[PDB]
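Undergrad: Experimental structure and sequence below, a few questions after.
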Amino acid sequence: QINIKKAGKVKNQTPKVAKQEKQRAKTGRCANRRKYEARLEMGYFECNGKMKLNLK
Amino acid sequence: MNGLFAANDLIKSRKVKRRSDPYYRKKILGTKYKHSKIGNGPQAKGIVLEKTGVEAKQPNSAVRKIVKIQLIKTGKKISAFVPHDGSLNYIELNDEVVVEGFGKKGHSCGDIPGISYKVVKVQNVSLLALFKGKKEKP
RNA sequence: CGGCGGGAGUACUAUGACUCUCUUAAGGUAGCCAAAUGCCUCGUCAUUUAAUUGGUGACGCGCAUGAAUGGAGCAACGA
RNA sequence: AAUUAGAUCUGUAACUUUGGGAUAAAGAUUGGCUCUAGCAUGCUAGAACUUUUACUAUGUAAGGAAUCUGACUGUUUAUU
RNA sequence: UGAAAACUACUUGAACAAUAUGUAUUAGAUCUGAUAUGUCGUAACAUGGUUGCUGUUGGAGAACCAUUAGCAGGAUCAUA
RNA sequence: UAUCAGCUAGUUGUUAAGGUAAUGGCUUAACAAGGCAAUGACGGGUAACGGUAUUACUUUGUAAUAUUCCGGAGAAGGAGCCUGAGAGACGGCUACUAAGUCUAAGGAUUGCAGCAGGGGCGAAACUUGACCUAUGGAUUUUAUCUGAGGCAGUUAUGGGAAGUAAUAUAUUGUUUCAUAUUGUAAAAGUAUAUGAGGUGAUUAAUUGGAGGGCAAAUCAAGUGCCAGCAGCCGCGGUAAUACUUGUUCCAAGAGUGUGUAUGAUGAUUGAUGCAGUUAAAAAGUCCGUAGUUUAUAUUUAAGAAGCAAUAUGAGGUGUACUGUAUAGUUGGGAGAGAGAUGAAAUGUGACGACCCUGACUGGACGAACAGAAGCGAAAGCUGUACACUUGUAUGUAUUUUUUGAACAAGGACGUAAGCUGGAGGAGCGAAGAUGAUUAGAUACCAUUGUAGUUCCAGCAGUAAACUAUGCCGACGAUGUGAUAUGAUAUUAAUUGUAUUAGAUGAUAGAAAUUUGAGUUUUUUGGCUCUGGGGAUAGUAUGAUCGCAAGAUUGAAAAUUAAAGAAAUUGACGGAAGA
RNA sequence: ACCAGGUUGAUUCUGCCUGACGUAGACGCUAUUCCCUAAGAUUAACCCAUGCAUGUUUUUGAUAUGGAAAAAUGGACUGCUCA
Ligand SMILES: [Mg+2]
Ligand SMILES: [Mg+2]
Ligand SMILES: [Mg+2]
Ligand SMILES: [Mg+2]
Ligand SMILES: [Mg+2]
Ligand SMILES: [Mg+2]
Ligand SMILES: [Mg+2]
Ligand SMILES: [Mg+2]
Ligand SMILES: [Mg+2]
Ligand SMILES: [Mg+2]
Ligand SMILES: [Mg+2]
Ligand SMILES: [Mg+2]
Ligand SMILES: [Mg+2]
Ligand SMILES: [Mg+2]
Ligand SMILES: [Mg+2]
Ligand SMILES: [Mg+2]
Ligand SMILES: [Mg+2]
Ligand SMILES: [Mg+2]
Ligand SMILES: [Mg+2]
Ligand SMILES: [Mg+2]
Ligand SMILES: [Mg+2]
Ligand SMILES: [Mg+2]
Ligand SMILES: [Mg+2]
Ligand SMILES: [Mg+2]
Ligand SMILES: [Mg+2]
Ligand SMILES: [Mg+2]
Ligand SMILES: [Mg+2]
Ligand SMILES: [Mg+2]
Ligand SMILES: [Mg+2]
Ligand SMILES: [Mg+2]
Ligand SMILES: [Mg+2]
Ligand SMILES: [Mg+2]
Ligand SMILES: [Mg+2]
Ligand SMILES: [Mg+2]
Ligand SMILES: [Mg+2]
Ligand SMILES: [Mg+2]
Ligand SMILES: [Mg+2]
Ligand SMILES: [Mg+2]
């Protein structure tokens, strides 16, 4: 008297929205370059990391 | 037994006290060759027989989906746990599976009782990729 | 010298630790078994054999087993 | 009805009332002649040679594993 | 030894049988303990409503009761 | 590895011979009884080829080492032999066992743990390719042979040098394309140079994660203890930063994660370097062998032996006496209840109890004095008089001369029950049987009642056998006591040695507490035994003891995130006082 | 030469579990170059179709102008595996 009929109920039920294409992300030392100049303008080194990076 | 010329009495005494180490005791008796469930290997193969579910312990409440298989290398019967949502719909009977362990030194982790193995491959198709939807089942 | 009962409900099915009730002097305890002691009976399961109503080991609501009318038990001994 | 059996040397289990079981079971040897070696002087070991091979004319235990019943030595319906 | 073919005697000795034993592993009717998940009581924690707890010997559906010796981890560090 | 304590018979030795290229019980005659062991013999297991070059981690060193090189053994399993300087040879021969293959049926024949390749097994591992270019071997190796050995193809096995942009839409110009020379045994490839075309949303970046540990969202939409996630703690009950999808952020980067072993973390194996009163942990108490260890200015302390006070002591054993009480037999008096409980009942008395008297017989036990007082290795030890026997301590110009501490093997004692044999039985009393209480009592209450508890001769060996604190040795703060005894002193005191009780400080400890449980991270005087998260469990099995009950030794499979010690604040008591 | 989370209404300890980091094998997803370095050891020292890995040398000279045999020399080294 154990039910197995409800296998996979939630994932097939939620509707699918499509992906949105993005620009080609830079890779290499230029990827480390875009991350370093972006941190230096907001003073991330001076306040010793006490801020929120992912802001949305 | 602290003396300059007492090396014969020191080595004989410290070998006796070392036998009460619970990890070292299993190394002497060689229990991993005698009472191993799966053999001595990372994975195994099997043939599915049942598709049944179990109920987890208190205080949680759910139904965990498992499968009773039979190994090829030894010939014993054992149960394994299907590790992802909606993955049992691929599985049919009279089929082959590949079994991987949990990683807690031969014990059961989580609230799943008495089960220590999980399925990784069905018909040489990766179940982690098939949940993502990259491949299709023949 | 002798004797040592019976019926009803109660924990998916099933069973009854527990409870109720007729009477009497007391209602077979420790043990043991289809045994030289079990009618139905060539009882049920295992094993011995090509094939067994025979033999051995387990089961028990025992027609009608059971404690000096002695119960349980085999080392030595047996035309 | 048949097989085993005397004597010498190795070897001997489960069980047990610790005395037994036990001569358990299982193997090997045995004639005739000529000598050597012991001391207790008629008994016992060893060696060489030889053959249509040796306790066997007479006498002389088949063995093992289990069950029921009686403790044992003993006695009894002269004539089923 | 023999013209040779071959016969005879020692030495090493593969394989095949009968039993004794040592080390692992495994079927079996019946069926002992233990671990993970409603029925009948109230043994323990307050002087838990008979103060508790070790050791031995007997009883019983069940926790547990009762004789005898001991301990305080007790309800007493204490009054001719 | 002790749940393997005795083992060995050509085994140990002497003389002699044979045989080998050679020493030698290497083999054979004769004689003799030797040889090895708790410093572990003889057995059992290995998922055991030994060292080494080389990797890790380290404060005196551990762990891995099929892998480079040196050494040993085998060619399906065993045995035997020829040739030869060298074989017990296997791309040499003979026989047996396990597997086969060809045939015209008389016979003949095969060993890929050599290089490719196929089958089986598994979670798991590549071309049925070219060649003597370089290093070597084959008795001079410039042209013979060489699947030894080189040269290329297949594979995320790992380690390096690098890419996927830079300057401000634009400029310039790295890879994906081709071609000469160098080179190759012949072909690649690398390097040097040269050509064109025009693109970094491109031919040119992925994997895992976002509650804490642990860097990064209380962002949005769906589902509502369902579906699911989580190494451990933990989220999911219509507003989920903890599941499913979508946006954005973080870590590493041509890689990134999941999993089975095995190391470090671990001062949870402790020699350096843990803990043993209460958390797991000191055998019930002594004697004594092997192993461990020691005070010395080399001649002397300590030890052992021996005196005095016949000091002091419920230390032990045996004969003789004695004390009241409970119970019973009996002579006098008298005539209704006696005895128990919180309260009662069965039981008990006119064949005369219960009470006061006079005499007797038996069994057990030494009241009050009686203590934080004494003796004993521990369990233990209270009436008097004798007999036998025995401790520790204090004094002191007594003998000897290092004989010591603690202990695997072995030995003795050991409350209370419980067993076999004989003696005895007053009170008490498991088991059994009756009266009350209760829903139920086979329990607490009460009345009876057997074994036992008493003595002698023996087995047995367990306790909260507790100071829950192993034994020996050096140093320590004051005050009030206790037992023994010596000196000074004398009727008034203060002083020596050995034990022992308590209070206040000081140390140490997680704390309660505490002259050791102190002299410790600035850890060491010597020696035996025990513990390693709970539960399964002091349970199975084997061995040794016992008349028996039973005692000593003593696991595992399957399980589980807690179990536990000391102390503060509340709440509760069918707990106590003001 | 380095530690963190978990027993309680809160505190201090003993004690274990877990996270963080190495070394050999297997596996999932994704890959543009070049040079160096490796690949049936773990279970089965289990069975093998086919092709190939040991022959050289005037020393004599096959009714034979350069090869038949016989002699001589090495096949006991090298390579493979770990019962
Ligand atoms: Mg892990
Ligand atoms: Mg009955
Ligand atoms: Mg019978
Ligand atoms: Mg039959
Ligand atoms: Mg003869
Ligand atoms: Mg008879
Ligand atoms: Mg007759
Ligand atoms: Mg109670
Ligand atoms: Mg009580
Ligand atoms: Mg208390
Ligand atoms: Mg001889
Ligand atoms: Mg090695
Ligand atoms: Mg082979
Ligand atoms: Mg060879
Ligand atoms: Mg060889
Ligand atoms: Mg050979
Ligand atoms: Mg070959
Ligand atoms: Mg090969
Ligand atoms: Mg591989
Ligand atoms: Mg992503
Ligand atoms: Mg943070
Ligand atoms: Mg995880
Ligand atoms: Mg998370
Ligand atoms: Mg510790
Ligand atoms: Mg305790
Ligand atoms: Mg304790
Ligand atoms: Mg007195
Ligand atoms: Mg004294
Ligand atoms: Mg010792
Ligand atoms: Mg002893
Ligand atoms: Mg005794
Ligand atoms: Mg004890
Ligand atoms: Mg103790
Ligand atoms: Mg003690
Ligand atoms: Mg192999
Ligand atoms: Mg020739
Ligand atoms: Mg191997
Ligand atoms: Mg091996």
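TA: Arrived safely. Residues are numbered from 1 along each chain as shown, chains lettered A, B, ... in the order given. Ligands and ions are numbered 1, 2, ... in the order given.

Undergrad: Contact residues of chain A facing chain B?
TA: Chain A comes close to chain B at residues A:2-4, A:7-8, A:10-12, as judged by C-beta under 8 Å from any C-beta of the partner chain. Bear in mind the C-beta positions are built from the backbone N, C-alpha and C, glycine included.

Undergrad: Which positions in chain A make contact with RNA strand F?
TA: A:3, A:6-11, A:13-14, A:16-17, A:19-33, A:35, A:49, A:52-56 (C-beta under 7 Å from any atom of the strand).

Undergrad: Could I have the ChimeraX command that selects the buried members from those?
TA: To isolate the buried ones among those in ChimeraX, judged by 16 or more other C-beta atoms under 10 Å in any protein chain shown, type:
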select /A:7
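
Undergrad: Keep only those of the residues of chain A next to RNA strand F that are in helices.
TA: If you go by DSSP state H, the residues of chain A next to RNA strand F have A:29-33, A:35 in helices.

Undergrad: Could I get the residues you listed in TSV, plus columns for distance to residue B:135?
TA: What follows is those, written out as TSV (distance: C-beta to C-beta, whole Å):
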residue	distance to residue B:135
A:29	36
A:30	35
A:31	31
A:32	35
A:33	38
A:35	35
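
Undergrad: so which of the residues you listed comes closest to RNA strand E?
TA: residue A:35 (50.5 Å; C-beta to the nearest atom of the strand).
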